[PDB]
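# Descriptive analysis of the structure
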Number of protein chains: 2
Amino acid sequence: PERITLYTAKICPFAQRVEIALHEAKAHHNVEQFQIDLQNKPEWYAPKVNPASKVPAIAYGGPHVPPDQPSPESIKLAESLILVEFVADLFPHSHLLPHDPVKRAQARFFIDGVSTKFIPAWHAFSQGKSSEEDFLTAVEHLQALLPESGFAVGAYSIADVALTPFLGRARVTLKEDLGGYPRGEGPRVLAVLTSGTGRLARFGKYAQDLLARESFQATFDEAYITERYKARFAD
Amino acid sequence: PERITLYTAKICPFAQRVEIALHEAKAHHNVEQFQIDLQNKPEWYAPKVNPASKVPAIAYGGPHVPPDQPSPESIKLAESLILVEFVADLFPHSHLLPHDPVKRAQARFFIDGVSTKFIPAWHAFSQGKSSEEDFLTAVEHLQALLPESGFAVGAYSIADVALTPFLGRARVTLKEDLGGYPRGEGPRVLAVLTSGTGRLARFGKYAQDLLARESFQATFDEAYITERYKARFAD
Ligand SMILES: *SC[C@H](NC(=O)CC[C@H](N)C(=O)O)C(=O)NCC(=O)O
Ligand SMILES: *SC[C@H](NC(=O)CC[C@H](N)C(=O)O)C(=O)NCC(=O)O
Ligand SMILES: O=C1C[C@H](c2ccc(O)cc2)Oc2cc(O)cc(O)c21
Ligand SMILES: O=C1C[C@H](c2ccc(O)cc2)Oc2cc(O)cc(O)c21
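Residues numbered from 1 in each chain as written, not as in the entry; some residues may be left out. Chains lettered and ligands numbered in written order. Heavy atoms only, no water.

If you check the header, you'll see the entry was determined by X-ray crystallography and the resolution is listed as 2.2060 Å.

For chain A, the PDB entry supplies the name glutathione transferase and the organism Trametes versicolor. The title given for this PDB entry is "Crystal structure of glutathione transferase Omega 2C from Trametes versicolor in complex with naringenin".

## With respect to the pairing of strand β1 (residues 4–8) of chain B
Residues and elements named next belong to chain B. The condition that has to hold: Accessibility here uses a 1.4 Å probe with only protein chains present; expressed as a share of the type maximum, an area under 20% marks a residue as buried, one over 50% as exposed, and anything in between as partly exposed. Per the convention used, a helix needs a DSSP run of H or I reaching at least four residues, while a strand needs a run of E reaching at least two, with both numbered from the N terminus. Note on pairing: DSSP must find at least two bridges between two strands before they are called paired.
In terms of burial, β1 is largely enclosed, as five of its five residues are buried. Of the two faces of β1, the one lined by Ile-4, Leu-6 and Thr-8 and the one lined by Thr-5 and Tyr-7 are each fully buried. Bridge count between β1 and strand β3 (residues 57–60): four bridges; the pairing is antiparallel. Paired with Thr-5 across the bridge in β3 is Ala-59. Two strands pair when backbone bridges link them, and β1 and strand β2 (residues 32–35) are joined in this way by four bridges, in the parallel orientation. Residue pairing for β2: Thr-5 is matched across the bridge by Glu-32.

## Quick notes on the packing of aromatic side chains
Formally: The pairing test for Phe, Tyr and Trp rings, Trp by its six-membered ring, is centres within 6.5 Å, and the orientation test on the planes gives stacked under 30 degrees, edge-to-face over 60, and tilted for anything in between. Whether a charge lies above a ring is judged from NZ of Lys or CZ of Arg, which has to be within 6 Å of the ring centre and within 35 degrees of the ring normal.
Tallied over the entire structure, the rule returns 32 aromatic pairs over all chains. Their ring planes at 35° and their centres at 5.5 Å tell us that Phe125(A) and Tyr181(A) sit as a pair that is tilted. Residue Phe125(A) is located in helix α4 (residues 101–126), and its partner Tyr181(A) is located in the loop between α6 (158–175) and α7 (185–194); the two are separated by 56 residues in the primary sequence. By relative accessible area, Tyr181(A) is classed as partly exposed at 34%. Taken together, a centroid distance of 6.0 Å and an interplanar angle of 75° make the contact between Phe110(B) and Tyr206(B) edge-to-face. One end of the pair, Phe110(B), is in helix α4 (residues 101–126); the other, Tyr206(B), is in helix α8 (residues 201–212), and 96 residues separate them in sequence. We note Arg213(A) situated over the ring of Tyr156(A); from NZ or CZ to the ring centre the distance is 4.1 Å.

## A look at the sheet that holds β1(B)
Defined as follows: Inter-axis angles, ranging from 0 to 180 degrees, are taken between N-to-C directions of lines fitted to C-alpha atoms, where helices are fitted over the stretch in contact. It only takes one pair of heavy atoms within 4.5 Å for two residues to be counted as in contact.
Spatially, four strands are ordered β2-β1-β3-β4 (chain B) in an open sheet, and the strand pairing comes out mixed. A single partner strand is all that each edge strand has here, and the edge strands are β2 and β4 (75–78) of chain B. On average, each strand axis in the sheet is inclined to that of its neighbour by 20°, with strand direction left out of account. Relative to β4(B), β3(B) runs antiparallel, the two being bridged by four bridges. Bridging across to β4(B), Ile58(B) finds its partner in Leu77(B). Along the sheet, α4(A) makes contact with β3 and β4 of chain B, crossing β4(B) at roughly 45°. This element, helix α1 (residues 13–24) of chain B, spans β1, β2 and β3 of chain B of the sheet and lies at about 145° to β1(B).

## With respect to the packing of α1(B) against helix α3 (residues 80–90) of chain B
Residue and element names in this part refer to chain B. For clarity, the cut-off: Comment on the angle field: the value is read as roughly parallel under 35 degrees, roughly antiparallel over 145, roughly perpendicular from 65 to 115, and oblique elsewhere.
The N-to-C vectors of α1 and α3 enclose an angle of 5°; their axes lie 8 Å apart at closest approach. By the angle between their axes, α1 is roughly parallel relative to α3. In contact with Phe-14, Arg-17, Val-18, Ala-21 and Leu-22 of α1, α3 contributes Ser-80, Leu-81, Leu-83, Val-84 and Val-87.

## Quick word on helix α10 (residues 222–234) of chain B
Residues and elements named next belong to chain B. To be explicit about the condition: Multiplying one less than the number of residues by 1.5 Å gives the expected span of a helix. Arc definition: directions from the helix axis to the C-beta atoms.
Its 13 residues place the ends of α10 18 Å apart at the C-alpha level, agreeing with the 18 Å of an ideal helix rising 1.5 Å per residue. Those residues of α10 that fall on the buried side of the exposure criterion are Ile-225, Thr-226 and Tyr-229. Along the axis of α10, the buried residues cluster in a sector spanning 95°; they form a single face. Residues of α10 that are exposed and point more than 90 degrees away from the buried face comprise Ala-223, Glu-227 and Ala-234.

As structure tokens, this is what we get:
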């Protein structure tokens, strides 16, 4: 494939999706990363890379240029789920996208559930807007899609990529009691989520497997995430 | 491919996405259609086909069975965008999915814009919730993605599939003054949208092309849609 510049941020779970994808493709050392400070975005980012002014975004092909001076000739692509599929499409030996058409749809249907149920339900619960049961209900929906063993469609796929950055950050929010509920309520919810027992037994094992995946650990600055998350709550 | 049963409804734009896709694949006469009455859903639909109780849904493979008695052995798939990609994946000679990885991402990015901007903005405006300018702004976003000529990425693709059912129904809503604004306001907005002139000139030509596409006309019961839409407004 042509040269890739990835515009990312350690803080952003949507961006880690693309970092995980590149790492699964064992291409993480072939691409140039540039970190965007989301509180102080470069003035060139929105007009030259992504008018939505969000990470991730990729500059694909074109001449060799400094990453803070992206070329007009590179192809600009945004949206983490789309970029994950682009990475699968560019590096087929990654096996991110299953060959079988049925298995692809099931991976993409799981992503739909990550997108329309888990993430919004996590957002609402971690901010104190909704109930614990609303969050657990959304997780049980995903659990019900899981096969008896393995990842979302057996073999690791884009489905697991979509979920993992939000799972690992939720773990941090809950382990450290940053979810807006009294002390110990956070850690109790983590155990429900990841113990491997109880109503979310199967999801708990799956969660253990997602967070052990090499690609996740290598692209997850837990110390940086945990430090930022405590400061945010402190306000 | 194995046998396909498609659970659909003339009224539903999300379902027409799959009908358009099948027709582009020149496979519309190979699949069994079953019409779901969304006001009186069969009792077997949710437990045996799609627990979300929505159309479209596909039963894939399995034995030959009556469509109102779907087999446990067929693979059940739901979500119109995912089913459109499944159809592209099953019938590659349809050319619904471009070969080039960059062109696929651009088609899918357009769909993201159809999904996150056009459809929600149309929904809000057609019900009287938001402003005309909010709707036109969302359309101009899509316009800005269009190439100088052709469909969303040049060649017809899944991108155009995603949009067309909502465009053709919006046309009906607006032509017939069913949008909640005084008489003539509907028809004025249609001309803005489809004239090929003005601020939405390029989109207007594109709209002309989407609504002339054979696949759209063959899967669009305009008389049935127009009759239902007038009755709805009449309440
Ligand atoms: S997490 C950082 C933000 N990213 C996104 O919101 C990406 C979401 C996209 N829809 C996607 O790609 O999935 C970000 O960059 N936000 C900018 C900001 O600071 O508001
Ligand atoms: S238009 C008919 C309804 N379909 C959908 O809502 C499908 C949306 C999906 N998210 C998709 O596939 O894109 C439907 O069947 N509604 C059931 C009802 O009557 O409420
Ligand atoms: O069709 C979809 C929609 C789904 C999605 C659903 C809701 C949402 O808010 C965001 C994404 O994401 C996807 C991700 C993919 O890799 C491939 C797909 O075909 C889809
Ligand atoms: O990644 C996405 C998300 C996009 C989408 C975005 C927002 C939304 O609400 C629904 C869908 O739909 C898709 C449709 C596809 O064919 C392939 C894709 O990769 C995607």
